[PDB]
């Protein structure tokens, strides 16, 4: 389970993310699209060129939802209920893809944090991102 120490490590890193929600979100999305091109088929309506308005606007929305999750870590299901119905019932997102985006997010974090993205920090975010992923896919179970 997420410990208090995990939460603190998460918050310390997150307040930085919040200062550039758009930049981080877009970078995580673009790494996913470039590294795992199959994920692009979920966004046919999007102009997927580097830094497109759609990607930037969406990146901020993703970061925004993750920020809300950080704020309500003990009440994820309820907090993401609307998003869970969306990704499962409407978008039919393959669970595997949540892991791909979570991973790309960690890469963005690692790149921006340098030596501050310690193993302890990675653990906390891994736990966090895995919990968020589980909720966004619970409608399949």
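Positions refer to the first chain, counted from 1.
Two stretches are in play, 103 to 111 and 71 to 79, and the higher mean C-alpha B-factor belongs to 71 to 79. As recorded in the PDB entry, 85 to 93 is the stretch of 85 to 93 and 36 to 44 with the greater mean C-alpha temperature factor. When the modelled residues of the chain are ordered by their C-alpha B factor, residue 57 lands in the highest third.
The PDB entry assigns residue 21 a C-alpha temperature factor belonging to the highest third of its chain's modelled residues. Sorting the modelled residues of the chain by their CA temperature factor places residue 30 in the middle third.
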